[PDB]
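See below for the structure under consideration.
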Amino acid sequence: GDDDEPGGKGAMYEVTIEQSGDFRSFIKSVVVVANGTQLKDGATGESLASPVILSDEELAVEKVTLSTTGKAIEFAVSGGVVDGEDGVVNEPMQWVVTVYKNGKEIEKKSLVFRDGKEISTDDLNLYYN
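In this text, residue positions in the sequence shown follow the numbering used here: the first is 142, and each later residue adds one.
Given below as structure tokens:
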């Protein structure tokens with residue numbers, strides 16, 4: 142389509158994020174970096190000009206999946222949250238997070254976030270190539 146350009150190696154990748162517990166009151170933060178290809182948005186399947194950051198409003202859904210339009214050479218997946226909603230008490234939350242390739246799973250995770258206060262935790266710190 143249009144033209145192609147053979148030469149070299151790499152993969153494809155797809156990350157998921159399910160969002161459990163009280164995630165709707167927790168100002169949360171993610172990165173996505175794609176070597177050698179563009180990203181795709183799980184909401185709609187629109188292509189995206191990576192590298193990109195997801196802010197809390199975008200991460201207000203129950204689940205995201207983001208993937209690669211083509212021959213990717215990397216994934217990098219970091220994130221965390223705070224507790225700074227002017228001191229509202231709620232219940233804690235979780236992030237059930239997984240990473241897939243051009244046709245296999247490679248990472249199979251969860252994390253648990255809880256109340257207290259604002260902090261800085263690279264609580265998710267994943268990467269692949």
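For each residue, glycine too, the CB sits at the ideal point set by N, CA and C.
- When the Cα atoms are used, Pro147 and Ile214 turn out to be separated by approximately 15 Å.
- DSSP lists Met234 as the beta-bridge partner residues of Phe254.
- Assignment of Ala201 by DSSP, reduced to helix, strand and coil, places it in the helix class.
- Here DSSP, grouped into helix, strand and coil, assigns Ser166 to helix.
- Cβ contact annotation for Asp264 (same chain, cutoff 6 Å, sequence separation greater than five): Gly221, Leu252, in chain order.
- Around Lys204, the same chain offers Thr157, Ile158, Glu159, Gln160, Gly183 as residues with beta carbons nearer than 8 Å, after the five sequence neighbours per side are excluded.
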